[PDB]
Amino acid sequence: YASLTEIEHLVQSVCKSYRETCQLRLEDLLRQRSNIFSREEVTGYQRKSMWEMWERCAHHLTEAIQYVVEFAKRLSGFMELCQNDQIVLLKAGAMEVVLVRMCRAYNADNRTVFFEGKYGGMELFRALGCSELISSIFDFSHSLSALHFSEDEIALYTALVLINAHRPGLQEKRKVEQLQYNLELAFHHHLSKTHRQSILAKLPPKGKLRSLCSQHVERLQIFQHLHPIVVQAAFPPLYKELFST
């Protein structure tokens, strides 16, 4: 039964955990927004082989996932969970957190995302051969940018995305429930103080993040089936573990 003091302390603890593991500073992402891919560069990306484009993406995604794992390690209560629960939560949630975090690198004004040192539109990703998945992620990032998340709001929300007592395979289901509930109290308290509880009904529907992650895994299957050597040889081991079927 966490007190108001303890709840306020959880708010600060979560926000600090996030701040220390946010990968790129928001200031930098914003200052880089004028740095956009030239038409020559865009053409170059579209002319890239499918294998090279997937391999690049797998690397960047793995990098982003590593910061999420670190976020989890610093998140109050997570390391107190049993090793099996930690895995279940991260295996199901890491990519979901990355997708939420990604909205920070999305510029809604010109519909671009920060990728490989510059900003680029969705036409940059043609060579992957999953235009639907790409458009879906771009749309999702657009939906989220409209909410104008603060860094603190991202911290609290992504903590909840990770700490989900409804993930299949949890041993200490009740210990995860208790952590989830306290993080919800932390989130709702933070929102009430800043008069931002309106965003709660505007957050992604209960199966949207699940859908995007399933789509990703599926498009990887289409890729991997046709290019099985490259995945074995050059893709990050962690990436295969999380996504290869």
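Numbers follow the displayed sequence, beginning with 1.
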Inset, instruction - Using only the Cα atoms and their B-factors as the entry lists them, report which of 168-176 and 136-144 averages higher. - result: 168-176
Inset, instruction - Can you let me know which of the two, 97-105 or 83-91, has the higher average C-alpha B-factor in the entry? - result: 83-91
Legend entry - Top residue by Cα temperature factor, when 189, 48, 59, 210 are compared in the entry: 210
Inset, instruction - Pick out which of 52, 40, 70, 63 has the highest C-alpha B-factor in the PDB entry. - result: 40
Inset, instruction - Divide the modelled residues of the chain into thirds by Cα B-factor and specify which third, lowest, middle or highest, holds residue 119. - result: middle
Inset, instruction - For residue 32, return the chain-relative third of its C-alpha B-factor as stated in the PDB record: lowest, middle or highest. - result: highest
Inset, instruction - Could you tell me which third, lowest, middle or highest, the C-alpha B-factor of residue 194 occupies within its chain? - result: highest
Inset, instruction - Taking the values exactly as deposited, rank residue 226 by C-alpha B-factor within its chain and report the matching third: lowest, middle or highest. - result: highest
Inset, instruction - Pull the Cα B-factor of residue 159 out of the PDB entry and bin it into the chain's lowest, middle or highest third. - result: lowest
